[PDB]
$ cat protein_38.csv   # CSV, C-alpha atoms and all ligand atoms
chain,number,residue,atom,x,y,z
K,142,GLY,CA,-32.2,14.8,21.0
K,143,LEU,CA,-29.4,12.6,19.7
K,144,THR,CA,-29.6,8.8,19.7
K,145,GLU,CA,-27.5,7.0,22.4
K,146,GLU,CA,-25.3,5.7,19.6
K,147,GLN,CA,-24.7,9.2,18.2
K,148,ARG,CA,-23.9,10.4,21.7
K,149,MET,CA,-21.3,7.6,22.0
K,150,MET,CA,-19.8,8.3,18.6
K,151,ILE,CA,-19.3,12.0,19.6
K,152,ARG,CA,-17.8,11.0,23.0
K,153,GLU,CA,-15.3,8.7,21.3
K,154,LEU,CA,-14.4,11.5,18.9
K,155,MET,CA,-13.9,14.1,21.7
K,156,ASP,CA,-12.0,11.5,23.8
K,157,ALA,CA,-9.6,11.0,20.8
K,158,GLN,CA,-9.3,14.8,20.2
K,159,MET,CA,-8.5,15.6,23.9
K,160,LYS,CA,-6.0,12.7,24.1
K,161,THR,CA,-4.1,13.6,20.9
K,162,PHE,CA,-4.5,17.4,20.3
K,163,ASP,CA,-1.7,19.3,22.1
K,164,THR,CA,-3.6,22.6,22.0
K,165,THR,CA,-0.9,24.5,23.9
K,166,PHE,CA,1.8,22.9,21.8
K,167,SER,CA,3.7,22.3,25.0
K,168,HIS,CA,5.3,19.2,23.6
K,169,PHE,CA,6.5,20.7,20.4
K,170,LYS,CA,10.2,21.4,20.7
K,171,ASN,CA,13.6,20.7,19.1
K,172,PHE,CA,12.4,22.2,15.8
K,173,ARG,CA,14.4,24.1,13.2
K,174,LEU,CA,14.4,27.8,12.8
K,175,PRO,CA,15.6,30.0,9.9
K,176,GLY,CA,19.3,30.7,10.3
K,177,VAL,CA,20.7,34.1,11.1
K,192,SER,CA,17.6,25.2,-17.7
K,193,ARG,CA,14.6,26.6,-19.6
K,194,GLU,CA,12.5,23.9,-17.9
K,195,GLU,CA,14.2,24.5,-14.6
K,196,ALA,CA,13.5,28.2,-14.8
K,197,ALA,CA,9.8,27.3,-15.4
K,198,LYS,CA,9.8,25.2,-12.3
K,199,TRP,CA,11.2,28.0,-10.1
K,200,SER,CA,8.7,30.4,-11.6
K,201,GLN,CA,5.8,28.2,-10.6
K,202,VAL,CA,7.3,27.5,-7.1
K,203,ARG,CA,7.6,31.2,-6.4
K,204,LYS,CA,3.9,31.5,-7.1
K,205,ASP,CA,3.2,28.4,-4.9
K,206,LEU,CA,4.3,30.3,-1.8
K,207,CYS,CA,4.5,34.0,-2.5
K,208,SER,CA,0.9,34.5,-1.0
K,209,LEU,CA,1.4,32.1,1.9
K,210,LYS,CA,4.0,34.1,3.8
K,211,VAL,CA,4.0,34.4,7.6
K,212,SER,CA,6.2,36.1,10.2
K,213,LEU,CA,7.1,33.9,13.2
K,214,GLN,CA,7.1,34.8,16.8
K,215,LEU,CA,8.6,32.9,19.8
K,216,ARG,CA,7.8,33.9,23.3
K,217,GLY,CA,10.4,32.6,25.7
K,218,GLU,CA,9.7,31.5,29.3
K,219,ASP,CA,11.6,34.5,30.7
K,220,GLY,CA,9.2,36.8,28.9
K,221,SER,CA,11.5,37.7,26.0
K,222,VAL,CA,10.3,37.6,22.4
K,223,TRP,CA,12.1,36.6,19.2
K,224,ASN,CA,10.4,37.8,16.0
K,225,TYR,CA,11.3,36.6,12.5
K,226,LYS,CA,10.3,38.5,9.4
K,227,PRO,CA,10.7,36.5,6.1
K,228,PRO,CA,12.8,37.8,3.2
K,229,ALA,CA,11.1,39.5,0.2
K,230,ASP,CA,11.0,37.4,-3.0
K,231,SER,CA,14.5,38.1,-4.4
K,232,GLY,CA,17.0,35.9,-6.1
K,233,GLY,CA,15.7,32.5,-5.1
K,234,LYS,CA,16.8,30.4,-2.1
K,235,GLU,CA,15.5,32.8,0.5
K,236,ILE,CA,11.9,32.0,-0.3
K,237,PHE,CA,12.5,28.6,1.4
K,238,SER,CA,13.8,30.0,4.7
K,239,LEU,CA,10.9,28.9,6.7
K,240,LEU,CA,10.2,25.5,5.1
K,241,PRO,CA,12.4,23.4,7.4
K,242,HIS,CA,10.5,24.9,10.4
K,243,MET,CA,7.1,24.4,8.7
K,244,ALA,CA,8.1,20.8,8.0
K,245,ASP,CA,8.8,20.2,11.7
K,246,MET,CA,5.5,21.8,12.8
K,247,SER,CA,3.4,20.0,10.3
K,248,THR,CA,5.1,16.6,11.0
K,249,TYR,CA,4.4,17.3,14.7
K,250,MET,CA,0.8,17.9,13.8
K,251,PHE,CA,0.6,14.8,11.6
K,252,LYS,CA,1.8,12.5,14.4
K,253,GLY,CA,-1.0,14.0,16.4
K,254,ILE,CA,-3.5,13.3,13.6
K,255,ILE,CA,-2.3,9.7,13.3
K,256,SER,CA,-2.8,9.2,17.0
K,257,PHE,CA,-6.3,10.6,16.7
K,258,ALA,CA,-7.2,8.1,14.1
K,259,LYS,CA,-5.6,5.2,16.1
K,260,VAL,CA,-7.8,5.6,19.1
K,261,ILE,CA,-11.0,5.6,17.0
K,262,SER,CA,-12.6,2.1,17.1
K,263,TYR,CA,-14.1,2.6,13.7
K,264,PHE,CA,-10.7,3.3,12.3
K,265,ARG,CA,-8.8,0.5,14.0
K,266,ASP,CA,-11.2,-2.2,12.6
K,267,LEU,CA,-10.3,-1.1,9.1
K,268,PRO,CA,-7.5,-3.1,7.3
K,269,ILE,CA,-4.0,-1.7,8.0
K,270,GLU,CA,-3.6,-0.8,4.3
K,271,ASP,CA,-6.9,1.2,4.4
K,272,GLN,CA,-5.8,3.1,7.5
K,273,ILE,CA,-2.6,4.1,5.7
K,274,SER,CA,-4.5,5.2,2.6
K,275,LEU,CA,-7.0,7.2,4.7
K,276,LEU,CA,-4.3,9.0,6.6
K,277,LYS,CA,-2.3,9.8,3.5
K,278,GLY,CA,-5.4,11.3,1.9
K,279,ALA,CA,-6.6,13.3,4.9
K,280,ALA,CA,-3.4,14.3,6.8
K,281,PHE,CA,-3.3,17.9,5.4
K,282,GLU,CA,-7.1,18.3,6.0
K,283,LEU,CA,-7.1,17.2,9.6
K,284,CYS,CA,-4.0,19.3,10.3
K,285,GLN,CA,-5.7,22.5,8.8
K,286,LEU,CA,-8.9,21.8,10.7
K,287,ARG,CA,-6.9,21.7,14.0
K,288,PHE,CA,-5.0,24.8,13.0
K,289,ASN,CA,-8.3,26.6,12.4
K,290,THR,CA,-9.1,26.2,16.1
K,291,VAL,CA,-6.0,28.2,17.1
K,292,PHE,CA,-6.5,30.7,14.3
K,293,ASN,CA,-7.2,34.3,15.5
K,294,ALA,CA,-9.2,35.9,12.6
K,295,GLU,CA,-8.9,39.3,14.2
K,296,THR,CA,-5.1,39.3,13.8
K,297,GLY,CA,-4.6,36.8,11.0
K,298,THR,CA,-2.5,34.7,13.4
K,299,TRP,CA,-2.2,31.0,14.3
K,300,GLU,CA,-1.5,31.0,18.0
K,301,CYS,CA,0.4,27.8,18.8
K,302,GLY,CA,1.4,28.0,22.4
K,303,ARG,CA,4.8,29.8,22.6
K,304,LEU,CA,4.8,30.0,18.8
K,305,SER,CA,2.8,32.4,16.6
K,306,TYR,CA,2.5,32.6,12.8
K,307,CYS,CA,1.1,35.9,11.5
K,308,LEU,CA,0.1,36.6,7.9
K,309,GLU,CA,2.0,39.5,6.2
K,310,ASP,CA,-0.8,41.9,5.1
K,311,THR,CA,-0.2,43.6,1.8
K,312,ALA,CA,-1.8,46.4,-0.3
K,313,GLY,CA,-5.1,44.7,-0.9
K,314,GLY,CA,-5.7,43.2,2.5
K,315,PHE,CA,-8.8,41.2,3.0
K,316,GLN,CA,-9.8,40.6,-0.6
K,317,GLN,CA,-6.1,40.2,-1.2
K,318,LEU,CA,-5.7,37.2,1.1
K,319,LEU,CA,-9.2,36.0,0.2
K,320,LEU,CA,-7.6,35.1,-3.1
K,321,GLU,CA,-5.6,32.2,-1.6
K,322,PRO,CA,-8.2,29.4,-1.2
K,323,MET,CA,-6.7,28.0,2.0
K,324,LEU,CA,-6.5,31.4,3.6
K,325,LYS,CA,-10.1,32.2,2.6
K,326,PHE,CA,-11.0,28.8,4.0
K,327,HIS,CA,-9.6,29.6,7.5
K,328,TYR,CA,-11.5,32.9,7.7
K,329,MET,CA,-14.8,31.4,6.4
K,330,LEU,CA,-14.6,28.4,8.7
K,331,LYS,CA,-13.7,30.6,11.7
K,332,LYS,CA,-16.7,32.8,11.1
K,333,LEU,CA,-19.1,29.9,11.5
K,334,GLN,CA,-18.0,29.7,15.2
K,335,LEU,CA,-18.2,25.9,15.4
K,336,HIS,CA,-18.1,23.9,18.6
K,337,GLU,CA,-15.4,21.4,19.5
K,338,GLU,CA,-17.9,18.7,18.7
K,339,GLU,CA,-18.5,20.0,15.1
K,340,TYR,CA,-14.8,20.3,14.5
K,341,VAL,CA,-14.2,16.7,15.6
K,342,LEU,CA,-17.0,15.4,13.4
K,343,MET,CA,-15.5,17.4,10.5
K,344,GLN,CA,-12.2,15.6,11.1
K,345,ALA,CA,-14.1,12.2,11.1
K,346,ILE,CA,-15.9,12.9,7.9
K,347,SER,CA,-12.6,14.0,6.2
K,348,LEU,CA,-10.7,11.0,7.6
K,349,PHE,CA,-13.3,8.4,6.5
K,350,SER,CA,-13.5,9.5,2.9
K,351,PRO,CA,-14.2,6.4,0.7
K,352,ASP,CA,-12.9,8.1,-2.4
K,353,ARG,CA,-9.3,8.4,-1.4
K,354,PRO,CA,-7.0,6.9,-3.9
K,355,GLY,CA,-6.0,3.4,-2.7
K,356,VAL,CA,-8.9,2.5,-0.5
K,357,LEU,CA,-10.2,-1.1,-0.8
K,358,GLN,CA,-13.0,-1.2,1.7
K,359,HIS,CA,-15.0,1.6,-0.1
K,360,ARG,CA,-18.3,0.2,1.1
K,361,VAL,CA,-17.4,0.2,4.8
K,362,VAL,CA,-15.7,3.6,4.7
K,363,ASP,CA,-18.6,5.2,2.7
K,364,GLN,CA,-21.0,3.8,5.3
K,365,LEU,CA,-18.9,5.1,8.2
K,366,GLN,CA,-18.6,8.6,6.7
K,367,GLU,CA,-22.4,8.8,6.3
K,368,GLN,CA,-22.9,7.8,9.9
K,369,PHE,CA,-20.6,10.6,11.0
K,370,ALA,CA,-22.3,13.0,8.6
K,371,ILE,CA,-25.8,12.1,9.9
K,372,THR,CA,-24.4,12.6,13.5
K,373,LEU,CA,-23.2,16.1,12.6
K,374,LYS,CA,-26.5,17.0,10.9
K,375,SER,CA,-28.4,15.7,14.0
K,376,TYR,CA,-26.1,17.5,16.5
K,377,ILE,CA,-26.8,20.7,14.6
K,378,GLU,CA,-30.5,20.1,14.6
K,379,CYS,CA,-30.5,19.5,18.3
K,380,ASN,CA,-28.1,22.1,19.5
K,381,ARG,CA,-29.0,25.0,17.1
K,382,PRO,CA,-32.7,25.0,15.9
K,383,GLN,CA,-32.4,28.7,15.2
K,384,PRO,CA,-33.4,29.2,11.5
K,385,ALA,CA,-30.0,31.0,11.3
K,386,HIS,CA,-28.4,27.5,11.3
K,387,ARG,CA,-30.9,26.0,8.8
K,388,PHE,CA,-28.2,25.2,6.3
K,389,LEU,CA,-25.1,25.1,8.6
K,390,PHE,CA,-24.6,21.3,8.0
K,391,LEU,CA,-24.6,21.8,4.2
K,392,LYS,CA,-22.2,24.7,4.5
K,393,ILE,CA,-19.9,22.5,6.5
K,394,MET,CA,-20.1,19.6,4.0
K,395,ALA,CA,-19.4,22.1,1.2
K,396,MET,CA,-16.3,23.4,3.0
K,397,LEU,CA,-15.0,19.8,3.4
K,398,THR,CA,-15.4,19.2,-0.3
K,399,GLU,CA,-13.5,22.4,-1.0
K,400,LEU,CA,-10.8,21.5,1.6
K,401,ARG,CA,-10.3,18.3,-0.3
K,402,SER,CA,-9.5,20.2,-3.5
K,403,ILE,CA,-7.3,22.6,-1.6
K,404,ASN,CA,-5.4,19.5,-0.2
K,405,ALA,CA,-4.7,18.1,-3.7
K,406,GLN,CA,-3.5,21.6,-4.8
K,407,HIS,CA,-1.2,22.2,-1.9
K,408,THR,CA,0.1,18.6,-2.1
K,409,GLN,CA,1.1,19.4,-5.7
K,410,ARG,CA,2.7,22.6,-4.5
K,411,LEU,CA,4.7,20.5,-2.0
K,412,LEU,CA,6.0,18.2,-4.7
K,413,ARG,CA,7.0,21.0,-7.0
K,414,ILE,CA,9.0,22.6,-4.2
K,415,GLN,CA,10.4,19.2,-3.1
K,416,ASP,CA,11.5,18.6,-6.8
K,417,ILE,CA,13.8,21.7,-6.8
K,418,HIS,CA,14.5,22.0,-3.1
K,419,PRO,CA,14.1,18.7,-1.1
K,420,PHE,CA,13.1,19.4,2.5
K,421,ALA,CA,10.3,17.0,3.5
K,422,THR,CA,10.8,15.0,6.7
K,423,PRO,CA,10.6,11.2,6.5
K,424,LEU,CA,7.0,11.1,7.7
K,425,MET,CA,6.0,13.8,5.1
K,426,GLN,CA,7.7,11.8,2.3
K,427,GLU,CA,5.4,8.8,3.2
K,428,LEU,CA,2.3,10.9,3.6
K,429,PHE,CA,2.6,12.8,0.3
K,430,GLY,CA,4.2,10.1,-1.9
K,431,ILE,CA,7.7,11.5,-2.1
K,432,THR,CA,10.5,8.9,-2.8
K,433,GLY,CA,13.4,11.1,-1.8
Q,682,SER,CA,3.3,-3.2,-1.1
Q,683,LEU,CA,1.6,-0.2,0.4
Q,684,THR,CA,2.8,-1.1,3.9
Q,685,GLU,CA,6.2,-1.8,2.4
Q,686,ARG,CA,6.3,1.8,1.0
Q,687,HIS,CA,5.1,3.3,4.3
Q,688,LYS,CA,7.1,1.7,7.2
Q,689,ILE,CA,7.0,4.8,9.4
Q,690,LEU,CA,3.2,5.1,9.1
Q,691,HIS,CA,2.9,1.4,9.6
Q,692,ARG,CA,5.0,1.5,12.8
Q,693,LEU,CA,3.1,4.5,14.2
Q,694,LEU,CA,-0.2,2.7,13.6
Q,695,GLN,CA,0.9,-0.5,15.4
Q,696,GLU,CA,1.7,1.0,18.8
K,701,LIG,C1,1.6,18.7,2.0
K,701,LIG,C2,2.3,19.3,3.2
K,701,LIG,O1,1.6,20.5,3.6
K,701,LIG,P1,2.2,21.3,4.8
K,701,LIG,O2,1.9,20.4,6.0
K,701,LIG,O3,3.8,21.3,4.8
K,701,LIG,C3,4.4,22.3,5.8
K,701,LIG,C4,5.9,22.2,5.7
K,701,LIG,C5,1.6,23.0,5.1
K,701,LIG,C6,1.1,23.2,6.3
K,701,LIG,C7,0.7,24.6,6.7
K,701,LIG,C8,0.0,25.3,5.8
K,701,LIG,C9,-0.5,26.7,6.0
K,701,LIG,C10,-1.3,27.4,5.0
K,701,LIG,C11,-1.5,26.5,3.7
K,701,LIG,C12,-2.6,27.9,5.6
K,701,LIG,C13,-0.6,28.8,4.5
K,701,LIG,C14,0.0,27.2,7.3
K,701,LIG,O4,-0.4,28.4,7.7
K,701,LIG,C15,0.7,26.5,8.3
K,701,LIG,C16,1.3,26.9,9.8
K,701,LIG,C17,2.1,25.7,10.4
K,701,LIG,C18,2.2,28.2,9.8
K,701,LIG,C19,0.0,27.2,10.7
K,701,LIG,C20,1.1,25.1,7.9
K,701,LIG,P2,1.7,24.2,3.7
K,701,LIG,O5,0.5,24.7,3.1
K,701,LIG,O6,2.5,25.5,4.3
K,701,LIG,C21,2.7,26.5,3.3
K,701,LIG,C22,3.5,27.6,3.8
K,701,LIG,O7,2.7,23.6,2.7
K,701,LIG,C23,2.1,22.8,1.7
K,701,LIG,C24,3.1,22.3,0.8

$ encode --input "protein_38.csv" --output "structure tokens" --more "lines below"
Ligand SMILES: CCOP(=O)(OCC)C(=Cc1cc(C(C)(C)C)c(O)c(C(C)(C)C)c1)P(=O)(OCC)OCC
Amino acid sequence: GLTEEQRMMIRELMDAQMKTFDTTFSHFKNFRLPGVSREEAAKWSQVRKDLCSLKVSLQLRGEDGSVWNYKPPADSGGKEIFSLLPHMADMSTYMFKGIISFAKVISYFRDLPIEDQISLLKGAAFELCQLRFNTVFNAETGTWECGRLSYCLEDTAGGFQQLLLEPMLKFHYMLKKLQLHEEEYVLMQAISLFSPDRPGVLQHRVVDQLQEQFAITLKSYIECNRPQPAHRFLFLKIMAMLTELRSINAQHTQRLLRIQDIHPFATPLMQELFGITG
Amino acid sequence: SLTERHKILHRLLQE
């Protein structure tokens, strides 16, 4: 079994998750919706590539049972490729506030210096957000079911291998296929949050030690709850996915900055989290 | 300087 301490660690994590993860997104409202030179050209060309394969349609199911569906525009002149960014900015900001609250209730996080808490959140915001999004991702329909809101991937010619190209999309399918428990997701969030190698951390020693504790807890949880040889390397697969997610985070953050540079749209909280002066 | 450059985050973490 798990040590008493490990049991307490998981309980605190689950408590935090339940208190700060609005899984039905019932409190997400008041958000925006799409309405109804050489160097510069080079910037735009890269920006178009940064989001041409991350397109989603949006669906809103009203209380009365009506349904609004929004299909994004095809990559044309320019501007139209940013039609959903304001909305996305609102959804992610909503998620980030939930992630900040999550960290705040964790005793291990509170004891850290305020400057370190800030550094850890900046480094892991995107990661924790995507880990939570994975729990509401329906791999059968390629849709993130967020309460009344739904974001569906626009399938193309290729299809599976087509999407598998985008690292973050492949990540969601792969992670979903592991069929993790709430406990494993929350431990993944903790390992990501307490990354000692985030740029700006001062208490490297303490953070590294905390991460290891969380990792050993996850490894142990798996050993105790799934002895089946089929899960022999589950822990290592998870740790490998977290390392990948970290690379994906850096890459999307760069994407954000590139877009921001030619089409500012980040909310105030996003500017702080991803280092945008604005 | 870090807190100075992240007032929102700082505020959210102290409540
Ligand atoms: C650094 C800030 O990142 P970011 O929070 O900003 C959102 C405005 C961000 C969040 C995000 C990313 C994805 C991908 C990556 C899986 C496609 C999503 O599917 C979704 C939804 C909300 C629809 C579930 C949100 P981004 O990847 O969304 C891309 C369309 O943008 C990263 C710049």

$ atom_distance --input "protein_38.csv" --atom1 "CA of residue 363 in chain K" --atom2 "CA of residue 346 in chain K"
9.7 Å

$ closest_residue --input "protein_38.csv" --among "K:294, K:361, K:395, K:425" --to "ligand LIG 701 (chain K)" --atoms "all atoms listed in the file"
K:425

$ closest_residue --input "protein_38.csv" --among "K:218, K:352, K:300, K:339" --to "ligand LIG 701 (chain K)" --atoms "only C-alpha atoms and all ligand atoms"
K:300

$ residues_near_point --input "protein_38.csv" --point "(4.7, 3.7, 14.5)" --cutoff "12 Å" --atoms "only C-alpha atoms" --output "ChimeraX atom specification"
/K:252-253,255-256,259,273,424 /Q:684,687-696

$ atom_distance --input "protein_38.csv" --atom1 "CA of residue 225 in chain K" --atom2 "CA of residue 213 in chain K"
5.0 Å

$ closest_atom_pairs --input "protein_38.csv" --of "chain K" --to "chain Q" --cutoff "10 Å" --atoms "all atoms listed in the file" --output "Markdown table"
| residue | atom | partner | partner_atom | distance |
| --- | --- | --- | --- | --- |
| K:252 | CA | Q:693 | CA | 8.1 |
| K:255 | CA | Q:694 | CA | 7.3 |
| K:256 | CA | Q:694 | CA | 7.8 |
| K:258 | CA | Q:694 | CA | 8.9 |
| K:259 | CA | Q:694 | CA | 6.5 |
| K:260 | CA | Q:694 | CA | 9.8 |
| K:265 | CA | Q:694 | CA | 8.9 |
| K:269 | CA | Q:691 | CA | 7.7 |
| K:270 | CA | Q:684 | CA | 6.4 |
| K:271 | CA | Q:683 | CA | 9.5 |
| K:272 | CA | Q:694 | CA | 8.3 |
| K:273 | CA | Q:690 | CA | 6.8 |
| K:274 | CA | Q:683 | CA | 8.4 |
| K:276 | CA | Q:690 | CA | 8.8 |
| K:277 | CA | Q:690 | CA | 9.1 |
| K:355 | CA | Q:683 | CA | 9.0 |
| K:423 | CA | Q:689 | CA | 7.9 |
| K:424 | CA | Q:689 | CA | 6.5 |
| K:425 | CA | Q:690 | CA | 10.0 |
| K:426 | CA | Q:687 | CA | 9.1 |
| K:427 | CA | Q:687 | CA | 5.6 |
| K:428 | CA | Q:690 | CA | 8.0 |
| K:430 | CA | Q:686 | CA | 9.0 |
| K:432 | CA | Q:686 | CA | 9.1 |

$ closest_residue --input "protein_38.csv" --among "K:335, K:411, K:421, K:254" --to "ligand LIG 701 (chain K)" --atoms "only C-alpha atoms and all ligand atoms"
K:411

$ closest_residue --input "protein_38.csv" --among "K:383, K:238, K:158, K:167" --to "residue 283 in chain K" --atoms "all atoms listed in the file"
K:158

$ residues_around --input "protein_38.csv" --residues "residue 290 in chain K" --least-positions-apart "5" --cutoff "12 Å" --atoms "all atoms listed in the file" --output "MDAnalysis selection string"
chainID K and resid 162:165 283:285 298:301 327:328 330:341

$ build_atoms --input "protein_38.csv" --residues "chain Q" --atoms "N, CA and C atoms" --output "tab-separated table (two decimals), in the coordinates of the input"
chain	number	residue	atom	x	y	z
Q	682	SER	N	2.38	-4.20	-0.50
Q	682	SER	CA	3.30	-3.20	-1.10
Q	682	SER	C	3.10	-1.86	-0.55
Q	683	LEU	N	1.87	-1.53	-0.17
Q	683	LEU	CA	1.60	-0.20	0.40
Q	683	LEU	C	2.26	-0.08	1.76
Q	684	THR	N	2.16	-1.11	2.60
Q	684	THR	CA	2.80	-1.10	3.90
Q	684	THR	C	4.30	-0.96	3.71
Q	685	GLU	N	4.81	-1.74	2.76
Q	685	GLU	CA	6.20	-1.80	2.40
Q	685	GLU	C	6.75	-0.37	2.10
Q	686	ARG	N	5.92	0.41	1.41
Q	686	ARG	CA	6.30	1.80	1.00
Q	686	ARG	C	5.95	2.81	2.09
Q	687	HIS	N	5.46	2.36	3.24
Q	687	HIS	CA	5.10	3.30	4.30
Q	687	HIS	C	5.42	2.67	5.70
Q	688	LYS	N	6.68	2.33	5.91
Q	688	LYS	CA	7.10	1.70	7.20
Q	688	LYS	C	6.90	2.59	8.39
Q	689	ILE	N	7.17	3.89	8.28
Q	689	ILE	CA	7.00	4.80	9.40
Q	689	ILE	C	5.52	4.78	9.83
Q	690	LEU	N	4.65	5.07	8.87
Q	690	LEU	CA	3.20	5.10	9.10
Q	690	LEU	C	2.76	3.78	9.71
Q	691	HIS	N	3.23	2.69	9.13
Q	691	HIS	CA	2.90	1.40	9.60
Q	691	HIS	C	3.29	1.20	11.07
Q	692	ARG	N	4.52	1.59	11.39
Q	692	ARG	CA	5.00	1.50	12.80
Q	692	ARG	C	4.17	2.31	13.73
Q	693	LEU	N	3.90	3.56	13.36
Q	693	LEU	CA	3.10	4.50	14.20
Q	693	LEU	C	1.70	3.94	14.47
Q	694	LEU	N	1.13	3.24	13.48
Q	694	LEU	CA	-0.20	2.70	13.60
Q	694	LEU	C	-0.30	1.42	14.42
Q	695	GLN	N	0.84	0.79	14.67
Q	695	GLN	CA	0.90	-0.50	15.40
Q	695	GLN	C	1.45	-0.32	16.83
Q	696	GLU	N	1.22	0.81	17.47
Q	696	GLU	CA	1.70	1.00	18.80
Q	696	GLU	C	0.82	1.98	19.62
